[PDB]
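Here is the structure we will look at, set down as structure tokens.
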Amino acid sequence: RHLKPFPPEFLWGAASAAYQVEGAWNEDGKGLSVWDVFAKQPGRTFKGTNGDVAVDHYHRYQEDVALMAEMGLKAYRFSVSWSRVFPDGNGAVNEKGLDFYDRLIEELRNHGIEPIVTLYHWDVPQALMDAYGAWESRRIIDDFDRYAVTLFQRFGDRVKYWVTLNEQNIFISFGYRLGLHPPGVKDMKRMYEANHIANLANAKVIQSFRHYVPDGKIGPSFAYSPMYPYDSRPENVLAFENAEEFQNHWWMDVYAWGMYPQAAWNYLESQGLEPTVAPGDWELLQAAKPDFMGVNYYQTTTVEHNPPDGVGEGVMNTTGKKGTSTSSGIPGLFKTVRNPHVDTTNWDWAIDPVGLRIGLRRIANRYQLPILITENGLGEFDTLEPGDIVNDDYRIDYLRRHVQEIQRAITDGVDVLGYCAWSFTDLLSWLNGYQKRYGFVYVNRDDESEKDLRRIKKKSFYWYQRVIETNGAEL
Amino acid sequence: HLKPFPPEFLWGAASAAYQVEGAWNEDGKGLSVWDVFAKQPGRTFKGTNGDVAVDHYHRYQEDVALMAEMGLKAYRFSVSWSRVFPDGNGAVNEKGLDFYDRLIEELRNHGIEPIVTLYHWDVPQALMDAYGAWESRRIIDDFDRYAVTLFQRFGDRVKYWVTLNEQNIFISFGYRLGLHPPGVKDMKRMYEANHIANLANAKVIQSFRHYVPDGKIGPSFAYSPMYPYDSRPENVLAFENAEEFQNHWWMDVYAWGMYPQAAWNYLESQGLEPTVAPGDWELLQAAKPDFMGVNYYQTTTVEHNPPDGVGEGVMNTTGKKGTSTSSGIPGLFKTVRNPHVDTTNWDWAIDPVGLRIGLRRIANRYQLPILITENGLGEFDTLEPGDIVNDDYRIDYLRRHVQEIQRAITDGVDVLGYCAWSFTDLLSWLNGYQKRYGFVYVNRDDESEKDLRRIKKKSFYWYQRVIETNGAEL
């Protein structure tokens with residue numbers, strides 16, 4: 001088959017998140033975020049690592065953007081730290097915080113790089129948690145809206161592409177179901193309430209965006225693991241129907257259509273878990289159509305039948321010892337199972353580039369939306385060789401196969417706006433320190449010390465530089 | 001804990017005009033394409049045809065009395081276009097309309113909801129002669145005029161209407177497989193006729209909103225939900241393609257007025273996409289139905305298919321097991337046996353859970369209520385002395401499917417009703433009479449109409465009890 005080319009303005013990108021890269025946690029008037037506080041609780045993070053310094057992008061952004069320009073990045077996706085702009089979440093604007101993002105945006109534009117501004121990456125100001133429990137209160141809808149509108153006002157003239165909530169399914173489930181992220185709660189009723197408020201906040205800011213940035217493009221970004229049935233046993237296909245709806249449509253249907261899927265709603269209602277609906281909620285959710293669906297993709301998940309007394313929470317692999325994760329599921333709906341037909345990473349994640357084509361096809365087929373791939377990458381224990389060389393052929397192999405499958409999805413007719421590799425530089429992981437690296441650019445620091453924080457281009461940096469130069473024709 | 005069937009649930013049974021009516025040349029009725037096609041030598045088993053069928057045209061009073069004894073809440077039948085417009089688009093035939101008036105009055109006098117199906121594959125032969133029937137846009141206005149005639153005469157007494165029944169069957173069997181009229185094997189022509197049928201469906205739904213503003217209408221789709229063979233990514237991708245080509249290709253047009261893009265682009269690359277005229281998309285998008293009708297018998301499992309791979313396959317036409325062969329689109333998907341379900345000697349999967357899955361998919365994708373317009377088991381029946389027909393095999397099949405409907409309702413699917421196929425035994429299109437589907441046995445065979453007497457099977461009384469208990473006793 002003749003492959004279609006990547007479109008001429010395809011946004012070849014790379015991405016980061018503020019807490020993971022910036023540092024400067026208490027500088028220039030920045031207030032505490034929930035992560036500043038949470039990561040300092042004893043035992044919460046590996047070796048006590050936290051975002052006080054991270055990789056120091058706040059001070060080193062000029063060098064980092066110069067490396068992006070050397071690579072030839074068409075776009076750089078970053079998040080804005082709400083606590084830099086409103087140290088207390090609401091109340092007074094911090095002009096020095098806005099000035100940092102202004103300087104960053106100017107540096108990008110001066111090098112011909114499109115900024116992609118992500119409004120929220122999990123770092124709500126601690127003051128809003130103290131005052132009203134952050135995402136559990138409808139007060140956050142107007143406070144988040146005021147924050148977003150402030151950014152639209154200052155940057156809408158220079159930023160065309162905006163992402164609203166990034167990986168809402170992660171920050172909500174990890175924060176309120178698994179208790180792994182702030183606020184560390186394990187209560188599914190509270191989870192679904194906070195999730196509904198987050199949905200309303202997303203819709204409110206998209207509605208505001210239409211007023212202040214009428215020529216811009218905006219959408220949420222969803223952490224999408226497409227589900228597969230284990231086989232053609234009817235009960236396994238039904239488990240897949242349940243899993244895809246409960247894990248994926250539960251979020252994307254709200255983003256695209258403003259409606260929760262009915263079978264999942266009825267299941268939650270049978271458990272007393274469905275969220276509280278206020279007058280005007282459905283109207284708001286349905287009126288806030290996004291320009292694209294953002295997709296954070298790493299792997300597919302295969303599922304099989306799970307009886308009512310079956311598997312619940314399983315064992316996550318947080319060590320990189322292959323073969324140590326176990327099945328997770330929802331009794332009566334589905335449980336995960338290892339897919340025998342794909343390889344896995346050392347963390348037991350499927351390596352499934354075809355699954356990216358499948359997920360892209362599913363979003364186009366279901367919602368007819370353009371897609372911005374906001375995150376995709378391979379994390380591994382890279383080593384620094386003498387002469388400042390990092391040979392990461394494993395990362396090149398992973399990225400190459402995923403980009404190849406994107407091209408097949410485009411050839412199939414999916415409108416893919418761009419691809420943001422995770423990540424540009426190595427960064428701080430939320431709970432696991434620094435050793436599992438994702439960057440095109442190695443950062444010389446580890447869990448024990450910041451060393452000199454020097455940036456070292458990996459082999460993959462030059463590979464992606466050539467991808468961009470050839471607009472994906474040479475992979 | 002299972003939810004009950006809703007109190008209003010339409011426990012039904014169904015038929016199709018050519019398969020039941022007979023009276024093929026009576027009261028001014030014109031020839032349909034099936035009257036002509038079935039008389040070609042060798043076309044149908046033992047030369048069986050619809051001249052008499054089971055003679056429901058003359059026996060409808062007895063048949064409705066049996067429906068009333070069963071306690072049917074609904075009876076779904078089709079109207080024969082050639083009875084109403086013998087030449088398709090000329091003068092209306094009042095005697096033809098009067099038959100359906102008498103039938104509807106009989107149903108209403110027994111408290112049975114009529115469900116009128118506009119089209120069951122029997123376009124008047126005169127329209128095939130004049131312009132090639134479904135291959136011409138001329139059929140859109142002719143079909144609309146026919147539908148509006150029925151809406152005007154019967155809309156005050158008929159709440160539930162089905163437009164095209166199993167469009168994917170009459171189009172694919174008629175224009176891809178060559179099994180049904182007009183006997184064509186040409187994918188380009190298939191997709192062109194299919195697009196015209198889509199426009200005709202949309203036009204009549206728009207007319208319905210004007211002429212029957214308080215009624216409920218929808219198309220009925222022959223739905224075989226696709227399964228991937230396993231979790232190999234290439235097999236899941238084959239499933240995405242198969243579900244889109246076989247299922248979304250029709251249901252997305254019905255629900256959203258849009259063909260799925262990947263399938264469209266593939267057909268366009270092959271020069272097979274239909275010809276689009278100005279106004280087509282607006283018409284298709286403006287015709288949202290009240291429900292999706294579902295004709296369900298089985299699921300289909302698919303796997304990857306190389307570019308050198310399977311194209312058109314052989315369908316089982318004899319009842320010898322394992323004589324159907326794989327079909328697919330090279331490079332996209334091909335069918336494969338599902339090892340986790342049984343199959344009949346005609347190679348149909350027995351998959352009641354697949355009905356729950358299909359219902360879930362329609363609710364999940366389209367948020368539409370569903371009327372199950374057809375589901376049943378065809379099997380040989382033995383008439384025992386004393387006129388006894390014990391069909392536990394048919395009861396078992398129906399019971400399992402009704403049980404899965406209840407599970408779908410419990411999951412949150414809005415199911416309006418369930419029409420078992422069929423009320424009486426009927427004539428099959430190509431295979432005669434011996435594979436029977438009825439709750440009511442009809443005494444005839446492939447050689448002789450005998451006396452056409454009606455004999456209630458064991459399943460008649462089982463379903464009577466289902467209805468009496470609103471599905472609580474299965």
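Residues are referred to by chain and number: the chain letter is A, B, ... according to the order shown in the structure tokens, the number counts from 1 in that chain, and ligands are numbered separately from 1 in the order shown.
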- Query: Residues at most 9 Å from region 184-197 of chain B, counting only C-alpha atoms, excluding those fewer than 6 positions away in the same chain, as a list in words?
  - Reply: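 Counting only the stated atoms, we get residues 133, 134, 135, 136, 137, 139, 140, 164, 167, 168, 171, 172, 173, 174, 175, 176, 177, 178, 271, 272, 273, 274, 275 and 276 of chain B.
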Closest atom pairs, residues of chain A within 7 Å of chain B, only C-alpha atoms, as a tab-separated table:
residue	atom	partner	partner_atom	distance
A:228	CA	B:231	CA	5.9
A:229	CA	B:231	CA	6.1
A:230	CA	B:231	CA	5.1
A:231	CA	B:230	CA	3.9
A:232	CA	B:229	CA	5.1
A:233	CA	B:340	CA	5.2
A:234	CA	B:353	CA	6.0
A:237	CA	B:227	CA	7.0
A:238	CA	B:357	CA	6.1
A:261	CA	B:364	CA	6.3
A:262	CA	B:412	CA	6.1
A:263	CA	B:412	CA	5.2
A:266	CA	B:412	CA	6.2
A:302	CA	B:231	CA	6.8
A:339	CA	B:231	CA	6.5
A:341	CA	B:232	CA	5.1
A:354	CA	B:233	CA	6.0
A:355	CA	B:233	CA	6.3
A:358	CA	B:237	CA	6.2
A:365	CA	B:260	CA	6.4
A:412	CA	B:262	CA	5.4
A:413	CA	B:262	CA	5.6
Print the selection's residues with N, CA and C atoms to a file, as a PDB file, in the first residue's frame.
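File produced: again_25.pdb:
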ATOM      1  N   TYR A 228      -8.233  -4.779  24.553  1.00  0.00           N
ATOM      2  CA  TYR A 228      -8.408  -5.927  23.679  1.00  0.00           C
ATOM      3  C   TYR A 228      -9.097  -7.044  24.450  1.00  0.00           C
ATOM      4  N   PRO A 229      -9.985  -7.822  23.830  1.00  0.00           N
ATOM      5  CA  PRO A 229     -10.402  -9.082  24.456  1.00  0.00           C
ATOM      6  C   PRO A 229      -9.291 -10.110  24.315  1.00  0.00           C
ATOM      7  N   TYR A 230      -9.199 -10.997  25.305  1.00  0.00           N
ATOM      8  CA  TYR A 230      -8.189 -12.047  25.236  1.00  0.00           C
ATOM      9  C   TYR A 230      -8.423 -12.963  24.039  1.00  0.00           C
ATOM     10  N   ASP A 231      -9.678 -13.312  23.773  1.00  0.00           N
ATOM     11  CA  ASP A 231      -9.995 -14.184  22.651  1.00  0.00           C
ATOM     12  C   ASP A 231     -11.469 -14.013  22.307  1.00  0.00           C
ATOM     13  N   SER A 232     -11.975 -14.900  21.453  1.00  0.00           N
ATOM     14  CA  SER A 232     -13.325 -14.808  20.916  1.00  0.00           C
ATOM     15  C   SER A 232     -14.365 -15.517  21.777  1.00  0.00           C
ATOM     16  N   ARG A 233     -14.003 -15.944  22.982  1.00  0.00           N
ATOM     17  CA  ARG A 233     -15.021 -16.419  23.904  1.00  0.00           C
ATOM     18  C   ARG A 233     -15.993 -15.276  24.173  1.00  0.00           C
ATOM     19  N   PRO A 234     -17.306 -15.487  24.029  1.00  0.00           N
ATOM     20  CA  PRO A 234     -18.248 -14.369  24.223  1.00  0.00           C
ATOM     21  C   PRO A 234     -18.062 -13.620  25.533  1.00  0.00           C
ATOM     22  N   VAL A 237     -15.201 -11.224  25.121  1.00  0.00           N
ATOM     23  CA  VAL A 237     -15.577 -10.058  24.326  1.00  0.00           C
ATOM     24  C   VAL A 237     -16.437  -9.110  25.152  1.00  0.00           C
ATOM     25  N   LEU A 238     -17.345  -9.655  25.963  1.00  0.00           N
ATOM     26  CA  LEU A 238     -18.141  -8.812  26.852  1.00  0.00           C
ATOM     27  C   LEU A 238     -17.253  -8.093  27.864  1.00  0.00           C
ATOM     28  N   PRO A 261     -21.233   7.232  29.416  1.00  0.00           N
ATOM     29  CA  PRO A 261     -21.847   6.026  28.837  1.00  0.00           C
ATOM     30  C   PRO A 261     -22.784   5.341  29.834  1.00  0.00           C
ATOM     31  N   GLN A 262     -23.891   4.789  29.310  1.00  0.00           N
ATOM     32  CA  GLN A 262     -25.006   4.380  30.165  1.00  0.00           C
ATOM     33  C   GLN A 262     -24.707   3.114  30.962  1.00  0.00           C
ATOM     34  N   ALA A 263     -24.049   2.127  30.351  1.00  0.00           N
ATOM     35  CA  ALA A 263     -23.791   0.898  31.104  1.00  0.00           C
ATOM     36  C   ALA A 263     -22.863   1.158  32.291  1.00  0.00           C
ATOM     37  N   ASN A 266     -24.845   2.956  34.956  1.00  0.00           N
ATOM     38  CA  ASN A 266     -25.719   2.051  35.696  1.00  0.00           C
ATOM     39  C   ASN A 266     -24.946   1.178  36.670  1.00  0.00           C
ATOM     40  N   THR A 302      -5.019  -6.081  27.594  1.00  0.00           N
ATOM     41  CA  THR A 302      -5.866  -7.199  27.213  1.00  0.00           C
ATOM     42  C   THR A 302      -6.641  -7.648  28.443  1.00  0.00           C
ATOM     43  N   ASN A 339      -0.887 -10.127  27.510  1.00  0.00           N
ATOM     44  CA  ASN A 339      -1.146 -10.402  26.100  1.00  0.00           C
ATOM     45  C   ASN A 339      -0.019 -11.275  25.562  1.00  0.00           C
ATOM     46  N   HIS A 341       0.815 -12.098  22.703  1.00  0.00           N
ATOM     47  CA  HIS A 341       1.199 -11.825  21.325  1.00  0.00           C
ATOM     48  C   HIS A 341       2.000 -10.547  21.145  1.00  0.00           C
ATOM     49  N   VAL A 354       1.220  -1.289  16.976  1.00  0.00           N
ATOM     50  CA  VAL A 354      -0.034  -1.436  16.247  1.00  0.00           C
ATOM     51  C   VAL A 354      -1.203  -0.965  17.100  1.00  0.00           C
ATOM     52  N   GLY A 355      -1.125  -1.182  18.415  1.00  0.00           N
ATOM     53  CA  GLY A 355      -2.149  -0.685  19.314  1.00  0.00           C
ATOM     54  C   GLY A 355      -2.350   0.815  19.246  1.00  0.00           C
ATOM     55  N   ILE A 358      -4.510   1.267  16.309  1.00  0.00           N
ATOM     56  CA  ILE A 358      -5.862   0.871  16.698  1.00  0.00           C
ATOM     57  C   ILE A 358      -6.537   1.963  17.513  1.00  0.00           C
ATOM     58  N   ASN A 365     -13.033   6.787  14.465  1.00  0.00           N
ATOM     59  CA  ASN A 365     -14.255   6.057  14.139  1.00  0.00           C
ATOM     60  C   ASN A 365     -15.401   6.430  15.074  1.00  0.00           C
ATOM     61  N   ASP A 412      -4.839   5.481   6.726  1.00  0.00           N
ATOM     62  CA  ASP A 412      -6.201   4.983   6.896  1.00  0.00           C
ATOM     63  C   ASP A 412      -7.233   6.104   6.937  1.00  0.00           C
ATOM     64  N   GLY A 413      -6.814   7.359   7.109  1.00  0.00           N
ATOM     65  CA  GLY A 413      -7.729   8.483   7.149  1.00  0.00           C
ATOM     66  C   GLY A 413      -7.849   9.202   8.479  1.00  0.00           C
TER      67      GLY A 413
END
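Our summary of the geometry notes that CA of residue 322 (chain B) is positioned 22.0 Å from CA of residue 394 (chain B).
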- Item | One-decimal distance in Å that lies between CA of residue 22 (chain B) and CA of residue 53 (chain B) |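 Computing the Euclidean distance for CA of residue 53 (chain B) and CA of residue 22 (chain B) yields 5.0 Å.
Rounded to one decimal, CA of residue 383 (chain B) and CA of residue 442 (chain B) lie 9.9 Å from each other.
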- Message: Write out as JSON, numbers by chain the set of residues from region 280-407 of chain B that DSSP, computed on the backbone, places in strand (DSSP E).
- Response: {"B": [292, 293, 294, 295, 300, 301, 302, 303, 328, 329, 333, 334, 335, 336, 342, 343, 349, 350, 370, 371, 372, 373, 374]}
- Check the DSSP output for the backbone and give back, as a PyMOL selection string, the residues of region 172-326 of chain A in helix (DSSP H, G or I). chain A and resi 172-176+188-212+234-257+262-270+281-287
- Task: Counting only C-alpha atoms, figure out which residue out of B:381, B:156, B:62, B:214 gets nearest to residue 103 (chain B).
- Result: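 Among the listed residues, B:62 lies closest to residue 103 (chain B).
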- Message: So that I can check the surroundings of residue 380 (chain A), please list as a VMD selection string every protein, DNA and RNA residue that reaches within 8 Å of it, counting only C-alpha atoms and ignoring chain neighbours fewer than 2 positions away.
- Response: chain A and resid 378 382 435 to 438
- Message: Just want the 6 Å neighbourhood of region 168-177 of chain A, counted on only C-alpha atoms, with same-chain residues fewer than 5 positions away dropped. Output as a VMD selection string.
- Response: chain A and resid 182 to 188 191
- Query: B:49, B:470, B:443, B:61: which is nearest residue 455 (chain B), counting only C-alpha atoms?
  - Reply: B:443
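Nearest to residue 166 (chain B) of all the residues B:94, B:425, B:374, B:384 is B:374, based on only C-alpha atoms.
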